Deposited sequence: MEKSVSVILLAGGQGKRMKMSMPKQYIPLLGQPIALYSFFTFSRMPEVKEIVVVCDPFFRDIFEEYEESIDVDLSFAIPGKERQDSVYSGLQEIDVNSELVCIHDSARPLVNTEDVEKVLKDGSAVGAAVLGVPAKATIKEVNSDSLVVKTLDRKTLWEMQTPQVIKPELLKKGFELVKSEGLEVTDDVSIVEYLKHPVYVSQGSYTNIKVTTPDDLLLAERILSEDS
């Protein structure tokens, strides 16, 4: 368990400071303090490499870097190439979610270890309906909003990339490389506080949360 997890940190709105510190550094430090986390392979444009470099000697993890790709999955694959040969879990996180709780990361790590694949989620508070191509409600289910981390064993993630490669399967917002696997995905119940940061509305909320 200890030093068993590689974080792929996916990292402009993620470098806007929140209560003075850049957004991307909040999750970076949350992961670094966890004894389970062994390395953080950070995915960022070389302009921002220094932003993480500054804190390298203080943190109790291996810092490494990767170049981003066009779409989210390209950046994950890039990060996956630098992880440890003996890492037991990869922990993929969106740097735009600075407020993830250590306790919720612990939960999804534990669930990922047990199941093979787990993602942090919350019950969708809004009333959500399926709508067909004619704009009609498909009438009838517990729907969940998916956050990050996404925690997965590296052999599973690799098999996902290889299946989509070999058969040339299409990949979208809601249908990733791992959606094509028969291997189950567990949904670990997180916190509504683990919001993503895009709008300036999010900062005015996120400061309220941090306090």
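Chemist: Counting from 1 along the deposited sequence, which stretches were left out of the model?
Modeler: Counting from residue 1, the stretches without coordinates are 12-22, 152-154, 226-228.
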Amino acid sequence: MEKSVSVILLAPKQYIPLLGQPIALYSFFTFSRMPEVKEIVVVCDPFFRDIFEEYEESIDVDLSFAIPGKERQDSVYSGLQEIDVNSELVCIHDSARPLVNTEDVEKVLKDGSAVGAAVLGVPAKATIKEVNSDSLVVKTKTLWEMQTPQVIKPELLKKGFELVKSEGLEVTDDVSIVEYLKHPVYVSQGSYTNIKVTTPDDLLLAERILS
From here on, numbers count along this sequence of modelled residues.
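Chemist: Looking at the other compared entries that model residues on both sides of it, is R97 unmodelled in at least a third of them?
Modeler: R97: modelled in every other compared entry.
Chemist: Answer yes if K141 is missing coordinates in at least a third of the other compared entries, and no if every one of them models it.
Modeler: Across the other compared entries, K141 is absent from at least a third.
Chemist: Please compare 47-55 with 154-162 and name the stretch with the higher mean C-alpha B-factor in the deposited structure.
Modeler: According to the entry, 47-55 carries the higher average C-alpha B-factor.
Chemist: Using the B-factors recorded in the PDB entry, average over the C-alpha atoms of 1-9 and of 201-209, then report which stretch comes out higher.
Modeler: Looking at the record's C-alpha B-factors, the answer is 201-209.
Chemist: Highest CA temperature factor in the entry: which of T142, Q147, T172, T30?
Modeler: In the PDB entry, the greatest C-alpha B-factor among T142, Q147, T172, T30 is found at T172.
Chemist: Based on the entry's values, in what third of the chain does the Cα temperature factor of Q21 lie: lowest, middle or highest?
Modeler: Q21: CA B-factor falls in the highest third of its chain.
Chemist: Is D134 in the lowest, middle or highest third of its chain when residues are ranked by C-alpha B-factor?
Modeler: Bottom third by C-alpha B-factor.
Chemist: Would you mind ranking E167 by its C-alpha B-factor against the rest of the chain and naming the third, lowest, middle or highest?
Modeler: As the PDB entry reports it, the C-alpha B-factor of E167 lands in the highest third of its chain.
Chemist: Quick check for you: using the entry's CA B-factors within this chain, is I67 in the lowest, middle or highest third?
Modeler: As the PDB entry reports it, the C-alpha B-factor of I67 lands in the highest third of its chain.
Chemist: Could you place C91 in the lowest, middle or highest third of its chain by Cα temperature factor, using the values in the record?
Modeler: Bottom third by C-alpha B-factor.
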